[PDB]
Amino acid sequence: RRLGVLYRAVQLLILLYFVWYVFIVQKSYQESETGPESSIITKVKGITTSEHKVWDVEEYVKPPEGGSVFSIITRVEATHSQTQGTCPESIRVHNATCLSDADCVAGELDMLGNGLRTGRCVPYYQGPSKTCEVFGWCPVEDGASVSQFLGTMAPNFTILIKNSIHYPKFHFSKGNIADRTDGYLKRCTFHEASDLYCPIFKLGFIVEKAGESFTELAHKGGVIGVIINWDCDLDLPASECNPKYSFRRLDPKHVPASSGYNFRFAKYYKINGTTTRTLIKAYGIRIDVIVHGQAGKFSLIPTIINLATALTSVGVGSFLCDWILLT
Amino acid sequence: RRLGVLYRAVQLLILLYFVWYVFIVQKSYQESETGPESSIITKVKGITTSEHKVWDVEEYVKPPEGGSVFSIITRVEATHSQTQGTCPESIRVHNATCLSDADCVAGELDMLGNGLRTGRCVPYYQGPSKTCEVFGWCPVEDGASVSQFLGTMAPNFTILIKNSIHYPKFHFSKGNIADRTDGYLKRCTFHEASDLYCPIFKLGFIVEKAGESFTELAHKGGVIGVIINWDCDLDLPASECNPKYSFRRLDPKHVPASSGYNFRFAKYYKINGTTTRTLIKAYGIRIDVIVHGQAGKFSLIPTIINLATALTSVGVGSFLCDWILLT
Amino acid sequence: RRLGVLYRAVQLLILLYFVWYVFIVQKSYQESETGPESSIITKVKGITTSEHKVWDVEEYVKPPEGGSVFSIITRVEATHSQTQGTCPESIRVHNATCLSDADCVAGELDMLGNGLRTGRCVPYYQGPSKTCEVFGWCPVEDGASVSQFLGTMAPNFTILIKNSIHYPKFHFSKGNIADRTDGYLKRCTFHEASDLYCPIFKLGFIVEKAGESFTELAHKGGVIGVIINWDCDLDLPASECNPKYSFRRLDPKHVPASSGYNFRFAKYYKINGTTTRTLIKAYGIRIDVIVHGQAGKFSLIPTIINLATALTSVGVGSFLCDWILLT
Ligand SMILES: *[C@@H]1O[C@H](CO)[C@@H](O)[C@H](O)[C@H]1NC(C)=O
Ligand SMILES: *[C@@H]1O[C@H](CO)[C@@H](O)[C@H](O)[C@H]1NC(C)=O
Ligand SMILES: *[C@@H]1O[C@H](CO)[C@@H](O)[C@H](O)[C@H]1NC(C)=O
Ligand SMILES: *[C@@H]1O[C@H](CO)[C@@H](O)[C@H](O)[C@H]1NC(C)=O
Ligand SMILES: *[C@@H]1O[C@H](CO)[C@@H](O)[C@H](O)[C@H]1NC(C)=O
Ligand SMILES: *[C@@H]1O[C@H](CO)[C@@H](O)[C@H](O)[C@H]1NC(C)=O
């Protein structure tokens, strides 16, 4: 009687749970593939100015080739006319300060120093201190570097990411630009809803979507990641598989020591037969384009496994009801 | 009687379906791992010529280091003796054409322009038009660039990809060159059957296997991906795990706007104390080596799950036959 | 009687096997995700010396930007004052040796040669042999290169890897540096137990943990991979997810032909209006930072599938016991 009503209510509850959670919500009827094959072609385009200098893309984008990882230099500390010679050590180098020649040890190369110590105390670049003389690339950066801010109009720089994926097991291939001939990429601006196949992003848009302040991320540097997630359901048509662009800062923005991004490169010249160089310490924003994939397609093996599990679970509910009735 | 024959025929049909499709075909008795750890070492080697110039690998391969992504330059547009100064704007820049000084706005920096506008109309490099004067790197590329075709013998360039994978969960590690001392790599040519452990590919072979035409992909540029798939069955010996090299074009070859690959780099010089440069716009073929993995090894958990599913399915066939007989 | 004891012993054996192997050992109650999103920021810092030259990071680290793949140059073969002209071919080029002008074919460009053959026999750089004259970058490397060993103090170079992962499906994100303000990274040394969030590694430590000898890996070059495995169990707190750094050599160290790492880059100058260059062949150790992920979190679907399998298996044991008793 009523025992039958409760007995069948348990079965319906178990079947509901399976049909909803296991199948509709979690798609246990589906087999999944992750890690597609991606191709990223980037192209930064924009020009900026300094006190009397004009910087083009060749100057502030390293490396020049358009790939997943590139750095947009927003500030430089250039040390011009560096030659191999003898000069005072940087005041920031461990026990570089000296009062006499006895305080400097000859032939001492510090790995964090700027050269091999000559062994005699020399006046610093700006008085009145005295630092141990070193042989290396001179003058040192910490004594003869001039800072230039490039990124006054870095926010208006535009980056064009060209992505294309492929899912081998499911034979799915797609890109992030629509095959058109209407002059679209020459006048479009990215919008996650209106214009999703115009992957031309301003640097300022990327930074603000990452939650970052451009001045702080430009003076000290930073790393911002442009993440493309192709969470794809292959039972739906190919027009239902779209790229989702997320922006987030990838460097340890909270650790004071490791926050920032910078690197050194030099420009090499022969002046009167002697090799001179211009050491440039570049602070800038590195853009990493990370592509992530998660596909899904209906597979019969998972479906039958879960159906068998549902039947066994309904049987276990049967056993539980009978056991409660007996006791 | 005959009901028994049909009843057991249903069981045999269900068991066949499982034993064939679930186990033999799909290998549901197996656990899978994807995404191994890969190491790619590339080395392009070949020399080409121009009207009176000889180009070596250092000149047309960027970046010089041998990694997954590199570009082989097939054509350049070099603008020599570029200095920071004032010169006419490119005729391709928005509203650069002027008839008088009033048509040029002083201090206007266009992000797609080639400098900061001085504010006075100047004659173009070739008459009779007049363009707004700009301050930047001068002369501009669109007025003083000379094109040189490098890739006359690019098809005979040879790329040596050195790959090595590792599957952590299954403790499988392999490479794409056989440990030999017979002078093999100095005289071998790749063949997907005869010579699969001689990964020395001519650029023309890669292009033709990608279905591309070398002249069009060399003048305008392109991106070709060398895909290595280690679809591996670990129940078989290690000699049964082999690399499969596939070649396909990765750029949007159909979109007119985004088809092609190019980038700019410059050579910097000091001439009479003033920084001059040679801006080179390089059109070439980028080679991406993409390594994809899918391993499989027999695991007891999937086997028992599928066996339980088979037994439950045979029981469901039993129930269906009995239900048909009753009704 | 005793049949009951054996009958229930079989059930307990099957249940033990499941509860131990399927659940406790293999964690079949868990769903897994692999392939997180990684960000790698490297920074090599150290200075070395030669006979009379001091080398800084800008000189021996290529590329300058701090990413996953970079090369630390330990030895160079620099060919200075290379200009486009005519010079003897390298004695190592196929049939380059000549006895008279008839042995040289005019206009012959060998892809493995160093230029276009002029067609007349010229004396070699060192006597008494004679090689076919070529037009290219002259003098050739095999005749005018000078070797300098940089890596006397390469083992004391320190590399700072900055990693940060993210698991999308499980919403887990972590890095490899602890958020601190105690001046930790300026004085810490990595230890896999004591100091795991100080990812500052000496090059010598990386090499010795890889099992390599620094002198051989420095003269000839090599590739060493720094592997970070985030094998993560998400049922445990976030303090229980840690990076595991493994070091191994990635190049074919056993194949004599393919063992080693080297590349060429040049320094370009204008001398009296003619383009000269310094071709540098760099032998060094390439560091690849490979990040691998394997997360796990309790999921109800696998748990119920395995519980149903356990019940079915106990039933199959029931059937086997009854069948043995009947026969
Ligand atoms: C630095 O030099 C001073 C004076 O020569 C010496 O007392 C001190 O120990 C040195 N510090 C080192 C070597 O770390
Ligand atoms: C450049 O970007 C800034 C902020 O990102 C914006 O205020 C400014 O209007 C932009 N420039 C132009 C010409 O729109
Ligand atoms: C270009 O300049 C012309 C004349 O100064 C002006 O009419 C036009 O609006 C300008 N186009 C712009 C600013 O996009
Ligand atoms: C170079 O390649 C082209 C086509 O790829 C071929 O026709 C030619 O014979 C090759 N050169 C040599 C010397 O074999
Ligand atoms: C090299 O040159 C010699 C003499 O000209 C010739 O006999 C030989 O066949 C050549 N080898 C080649 C072209 O591989
Ligand atoms: C540099 O490293 C070597 C071995 O890696 C070691 O013997 C030497 O002591 C180190 N240098 C210093 C100053 O500790």
Side-chain angles (χ1 to χ4, degrees), chain A residues 93-95 105 107-113 116-117 156 187 189, chain B residues 89-113 116-122 129-134 156 187 189, chain C residues 44-49 72 74 89-113 116-121 129-134 150-159 187-190 200-218 224 247 285:
Chain A
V93 177
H94 185 68
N95 72 356
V105 176
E108 172 166 348
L109 187 84
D110 186 358
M111 283 296 116
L112 305 191
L116 186 86
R117 274 175 194 200
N156 314 116
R187 71 185 196 274
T189 301
Chain B
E89 185 68 277
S90 162
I91 198 73
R92 315 170 190 179
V93 177
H94 185 68
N95 72 356
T97 293
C98 56
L99 290 140
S100 290
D101 296 356
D103 286 323
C104 301
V105 176
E108 172 166 348
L109 187 84
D110 186 358
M111 283 296 116
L112 305 191
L116 186 86
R117 274 175 194 200
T118 296
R120 64 183 184 85
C121 200
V122 286
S129 180
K130 293 181 178 196
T131 48
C132 282
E133 188 185 357
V134 292
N156 314 116
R187 71 185 196 274
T189 301
Chain C
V44 186
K45 180 170 186 31
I47 197 170
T48 181
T49 59
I72 295 169
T74 57
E89 185 68 277
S90 162
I91 198 73
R92 315 170 190 179
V93 176
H94 185 68
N95 72 356
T97 293
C98 56
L99 290 140
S100 290
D101 296 356
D103 286 323
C104 301
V105 176
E108 172 166 348
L109 187 84
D110 186 358
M111 283 296 116
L112 305 191
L116 186 86
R117 274 175 194 200
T118 296
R120 64 183 184 85
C121 200
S129 180
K130 293 181 178 196
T131 48
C132 282
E133 188 185 357
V134 292
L150 287 67
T152 312
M153 294 165 285
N156 314 116
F157 293 174
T158 59
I159 301 93
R187 71 185 196 274
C188 61
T189 301
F190 174 82
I200 309 191
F201 313 93
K202 293 183 180 294
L203 189 56
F205 169 87
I206 296 174
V207 162
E208 66 183 1
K209 299 288 95 175
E212 297 313 333
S213 77
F214 210 102
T215 69
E216 279 177 6
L217 203 70
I224 302 281
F247 315 94
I285 304 174

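Quick note on labels: first sequence line is chain A, next is B, and so on, each numbered from 1. Heavy atoms only: backbone and side chains are in, while hydrogens, waters and symmetry mates are out. Numbering of ligands and ligand atoms starts at 1, following listing order.
Closest to atom 5 (O) of ligand 6 among all protein heavy atoms lies C:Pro155 CB, 3.4 Å. In this structure, atom 1 (C) of ligand 5 lies nearest to the protein heavy atom C:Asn95 ND2, 1.4 Å. Nearest protein heavy-atom contact of atom 14 (O) of ligand 5 is C:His94 NE2, 2.7 Å.
Counting only heavy atoms, the protein never gets under 4.0 Å from atom 7 (O) of ligand 5. Distance remark: protein heavy atom present below 4.0 angstrom from atom 3 (C) of ligand 5. Distance screen at 4.0 Å: atom 12 (C) of ligand 3 has a protein heavy-atom neighbour inside the cut-off.
The SG atoms of C:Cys98 and C:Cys121 sit under 2.5 Å apart.
Side-chain contact check for C:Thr158 versus A:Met111: every heavy-atom pair is 4.5 Å or farther apart. Here the side chains of B:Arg117 and B:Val105 are not in contact, with every heavy-atom distance at 4.5 Å or above. Contact check for C:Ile224 versus C:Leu217: side-chain heavy atoms found under the 4.5 Å cut-off. Taking the side chain as every heavy atom from C-beta outward, A:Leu109 and C:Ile47 approach each other to under 4.5 Å.
Annotation for ligand 6: atoms under 4.0 Å from non-hydrogen atoms of C:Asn156 are 1 (C), 2 (O), 3 (C), 8 (C), 10 (C), 11 (N), 12 (C).
In terms of heavy-atom proximity, B:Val93 sits nearest to B:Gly113 at CG1-CA, 3.9 Å.
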